[PDB]
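Participant: Enclosed is the structure file run07.pdb (PDB, C-alpha atoms).
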ATOM      1  CA  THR A   1      55.399 122.248  80.514
ATOM      2  CA  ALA A   2      55.014 118.847  78.794
ATOM      3  CA  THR A   3      51.978 116.829  79.895
ATOM      4  CA  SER A   4      51.746 113.038  79.785
ATOM      5  CA  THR A   5      49.801 110.362  81.632
ATOM      6  CA  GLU A   6      51.037 107.450  83.721
ATOM      7  CA  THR A   7      48.806 104.386  84.073
ATOM      8  CA  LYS A   8      49.049 101.143  85.999
ATOM      9  CA  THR A   9      46.785  98.102  86.305
ATOM     10  CA  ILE A  10      45.903  96.368  89.574
ATOM     11  CA  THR A  11      44.090  93.052  89.208
ATOM     12  CA  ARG A  12      42.038  90.670  91.330
ATOM     13  CA  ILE A  13      41.681  87.077  90.188
ATOM     14  CA  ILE A  14      39.092  84.731  91.641
ATOM     15  CA  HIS A  15      39.689  80.984  91.277
ATOM     16  CA  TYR A  16      37.027  78.309  91.789
ATOM     17  CA  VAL A  17      38.335  74.891  92.832
ATOM     18  CA  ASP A  18      37.359  71.516  94.247
ATOM     19  CA  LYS A  19      38.153  71.685  98.002
ATOM     20  CA  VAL A  20      39.909  68.285  97.910
ATOM     21  CA  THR A  21      41.379  67.770  94.418
ATOM     22  CA  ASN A  22      42.140  71.442  93.658
ATOM     23  CA  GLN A  23      40.791  71.035  90.100
ATOM     24  CA  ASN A  24      39.265  74.250  88.717
ATOM     25  CA  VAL A  25      35.480  73.822  88.649
ATOM     26  CA  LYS A  26      34.648  77.191  87.039
ATOM     27  CA  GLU A  27      36.460  79.718  84.833
ATOM     28  CA  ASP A  28      38.653  82.276  86.600
ATOM     29  CA  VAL A  29      37.155  85.738  87.066
ATOM     30  CA  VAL A  30      39.738  88.424  86.212
ATOM     31  CA  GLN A  31      39.134  92.005  87.404
ATOM     32  CA  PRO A  32      41.673  94.538  86.056
ATOM     33  CA  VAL A  33      41.520  98.143  87.245
ATOM     34  CA  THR A  34      43.609 100.745  85.411
ATOM     35  CA  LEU A  35      44.448 103.871  87.403
ATOM     36  CA  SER A  36      46.046 107.032  86.028
ATOM     37  CA  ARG A  37      47.814 110.232  87.028
ATOM     38  CA  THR A  38      49.050 113.293  85.136
ATOM     39  CA  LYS A  39      52.792 113.901  84.764
ATOM     40  CA  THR A  40      54.023 117.443  84.124
ATOM     41  CA  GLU A  41      57.638 118.140  83.228
ATOM     42  CA  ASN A  42      59.360 121.472  82.789
ATOM     43  CA  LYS A  43      61.802 120.529  80.012
ATOM     44  CA  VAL A  44      64.104 123.489  80.789
ATOM     45  CA  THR A  45      64.501 122.943  84.570
ATOM     46  CA  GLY A  46      63.801 119.194  84.397
ATOM     47  CA  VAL A  47      61.301 119.531  87.274
ATOM     48  CA  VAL A  48      58.619 116.807  87.224
ATOM     49  CA  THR A  49      55.326 117.095  89.127
ATOM     50  CA  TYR A  50      52.702 114.342  89.484
ATOM     51  CA  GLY A  51      48.976 114.626  90.073
ATOM     52  CA  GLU A  52      46.912 112.320  92.272
ATOM     53  CA  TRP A  53      46.013 108.832  91.006
ATOM     54  CA  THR A  54      42.432 107.902  90.128
ATOM     55  CA  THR A  55      40.612 105.209  92.111
ATOM     56  CA  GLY A  56      38.663 102.113  91.144
ATOM     57  CA  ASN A  57      36.666  99.185  92.427
ATOM     58  CA  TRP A  58      36.700  95.414  92.012
ATOM     59  CA  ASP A  59      33.031  94.454  91.713
ATOM     60  CA  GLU A  60      31.265  91.900  93.885
ATOM     61  CA  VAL A  61      31.228  88.415  92.358
ATOM     62  CA  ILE A  62      28.568  85.904  93.459
ATOM     63  CA  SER A  63      29.928  82.333  93.493
ATOM     64  CA  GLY A  64      27.439  80.293  91.441
ATOM     65  CA  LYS A  65      26.070  76.874  92.398
ATOM     66  CA  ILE A  66      27.662  73.880  90.668
ATOM     67  CA  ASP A  67      25.902  70.542  90.166
ATOM     68  CA  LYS A  68      27.411  67.652  92.203
ATOM     69  CA  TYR A  69      28.785  70.128  94.764
ATOM     70  CA  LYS A  70      27.734  71.548  98.130
ATOM     71  CA  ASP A  71      27.356  75.342  98.455
ATOM     72  CA  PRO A  72      30.725  77.147  98.115
ATOM     73  CA  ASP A  73      32.681  78.144 101.253
ATOM     74  CA  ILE A  74      32.516  81.761 100.000
ATOM     75  CA  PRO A  75      29.017  82.481  98.586
ATOM     76  CA  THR A  76      30.127  85.898  97.307
ATOM     77  CA  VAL A  77      33.439  87.720  96.866
ATOM     78  CA  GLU A  78      32.890  91.298  98.128
ATOM     79  CA  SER A  79      33.523  94.458  96.095
ATOM     80  CA  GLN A  80      36.748  96.261  97.067
ATOM     81  CA  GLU A  81      38.083  99.810  96.597
ATOM     82  CA  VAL A  82      41.242  99.934  94.481
ATOM     83  CA  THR A  83      43.778 102.740  94.976
ATOM     84  CA  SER A  84      47.335 103.247  93.717
ATOM     85  CA  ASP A  85      48.549 101.626  96.958
ATOM     86  CA  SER A  86      46.525  98.421  96.357
ATOM     87  CA  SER A  87      48.331  95.190  95.435
ATOM     88  CA  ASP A  88      47.106  92.449  93.076
ATOM     89  CA  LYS A  89      44.870  89.900  94.795
ATOM     90  CA  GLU A  90      43.958  86.259  94.280
ATOM     91  CA  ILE A  91      40.939  84.678  95.959
ATOM     92  CA  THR A  92      40.108  80.964  95.883
ATOM     93  CA  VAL A  93      36.514  79.855  96.318
ATOM     94  CA  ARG A  94      36.313  76.174  97.322
ATOM     95  CA  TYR A  95      33.562  73.672  96.509
ATOM     96  CA  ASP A  96      33.257  70.322  98.237
ATOM     97  CA  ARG A  97      31.433  67.455  96.508
ATOM     98  CA  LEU A  98      28.058  66.350  97.906
ATOM     99  CA  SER A  99      28.133  64.024 100.937
ATOM    100  CA  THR A 100      25.741  61.464  99.370
TER     101      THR A 100
END
Would you put the structure from the file into structure tokens?
Facilitator:
Amino acid sequence: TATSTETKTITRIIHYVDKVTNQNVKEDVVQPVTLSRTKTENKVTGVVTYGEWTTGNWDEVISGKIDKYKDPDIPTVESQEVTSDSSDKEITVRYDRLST
């Protein structure tokens, strides 16, 4: 009965770009969540059993105001539950320059 732990990381990245030029107007926000489960192996029979994975959450991220730009298309990126079935995500928040 040998016990070990398996872990994996699921990540959401938020990008902030100019709507037209696609230049990044803010630093990326990177949200890694590391889930785990127990692994039990009988070394005589070779039988391996796995426990349930933990769960996580990508936190809400408010898109800040940037000088010279209108309000972002997405004012806030919502928090999201992360499970072992979740895939990595990328979200792009877009800012358009003032009309002036």
Participant: With the file shown as input, list the residues that the PyMOL selection byres ((chain A and resi 68-79) around 10) selects, as a PyMOL selection string.
Facilitator: chain A and resi 14+16-19+25+57-67+80-82+91-100
Participant: Please write the residues from the selection above to a file, keeping C-alpha atoms, as a PDB file, in the frame of the given file.
Facilitator:
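Dumped everything to selection.pdb:
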ATOM      1  CA  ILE A  14      39.092  84.731  91.641  1.00  0.00           C
ATOM      2  CA  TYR A  16      37.027  78.309  91.789  1.00  0.00           C
ATOM      3  CA  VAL A  17      38.335  74.891  92.832  1.00  0.00           C
ATOM      4  CA  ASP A  18      37.359  71.516  94.247  1.00  0.00           C
ATOM      5  CA  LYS A  19      38.153  71.685  98.002  1.00  0.00           C
ATOM      6  CA  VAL A  25      35.480  73.822  88.649  1.00  0.00           C
ATOM      7  CA  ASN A  57      36.666  99.185  92.427  1.00  0.00           C
ATOM      8  CA  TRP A  58      36.700  95.414  92.012  1.00  0.00           C
ATOM      9  CA  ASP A  59      33.031  94.454  91.713  1.00  0.00           C
ATOM     10  CA  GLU A  60      31.265  91.900  93.885  1.00  0.00           C
ATOM     11  CA  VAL A  61      31.228  88.415  92.358  1.00  0.00           C
ATOM     12  CA  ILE A  62      28.568  85.904  93.459  1.00  0.00           C
ATOM     13  CA  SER A  63      29.928  82.333  93.493  1.00  0.00           C
ATOM     14  CA  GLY A  64      27.439  80.293  91.441  1.00  0.00           C
ATOM     15  CA  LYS A  65      26.070  76.874  92.398  1.00  0.00           C
ATOM     16  CA  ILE A  66      27.662  73.880  90.668  1.00  0.00           C
ATOM     17  CA  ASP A  67      25.902  70.542  90.166  1.00  0.00           C
ATOM     18  CA  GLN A  80      36.748  96.261  97.067  1.00  0.00           C
ATOM     19  CA  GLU A  81      38.083  99.810  96.597  1.00  0.00           C
ATOM     20  CA  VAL A  82      41.242  99.934  94.481  1.00  0.00           C
ATOM     21  CA  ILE A  91      40.939  84.678  95.959  1.00  0.00           C
ATOM     22  CA  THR A  92      40.108  80.964  95.883  1.00  0.00           C
ATOM     23  CA  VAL A  93      36.514  79.855  96.318  1.00  0.00           C
ATOM     24  CA  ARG A  94      36.313  76.174  97.322  1.00  0.00           C
ATOM     25  CA  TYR A  95      33.562  73.672  96.509  1.00  0.00           C
ATOM     26  CA  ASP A  96      33.257  70.322  98.237  1.00  0.00           C
ATOM     27  CA  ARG A  97      31.433  67.455  96.508  1.00  0.00           C
ATOM     28  CA  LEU A  98      28.058  66.350  97.906  1.00  0.00           C
ATOM     29  CA  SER A  99      28.133  64.024 100.937  1.00  0.00           C
ATOM     30  CA  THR A 100      25.741  61.464  99.370  1.00  0.00           C
TER      31      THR A 100
END
Participant: At what distance in Å, to one decimal, does CA of residue 83 (chain A) lie from CA of residue 28 (chain A)?
Facilitator: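 Rounded to one decimal, the two atoms are 22.7 Å apart.
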Participant: Translate the PyMOL selection byres ((chain A and resi 12) around 7), as applied to the file shown, into an explicit residue set as a VMD selection string.
Facilitator: chain A and resid 11 13 to 14 30 to 32 88 to 90
Participant: If you apply the PyMOL selection byres ((chain A and resi 7) around 9) to this file, what residues do you get, as a list in words?
Facilitator: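 With the shown file as input, the PyMOL selection byres ((chain A and resi 7) around 9) matches residues 5, 6, 8, 9, 34, 35, 36, 37, 38 and 53 of chain A.
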Participant: Record the distance separating CA of residue 52 (chain A) and CA of residue 4 (chain A), expressed in Å with one decimal.
Facilitator: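 Here the two named atoms are 13.4 Å from each other.
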Participant: Up to 6 Å from (54.5, 115.8, 87.3) in the file's coordinates: name the residues, counting all atoms listed in the file, as a PyMOL selection string.
Facilitator: chain A and resi 39-41+48-50
Participant: Which value, in Å to one decimal, gives the distance between CA of residue 1 (chain A) and CA of residue 51 (chain A)?
Facilitator: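 It comes out at 13.8 Å.
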Participant: Box for region 7-22 of chain A - axis-aligned, 6 Å on each of the six sides, all listed atoms - centre and size in Å to one decimal, as lines of an AutoDock Vina configuration file.
Facilitator:
center_x = 43.0
center_y = 86.1
center_z = 91.0
size_x = 24.0
size_y = 48.6
size_z = 25.9
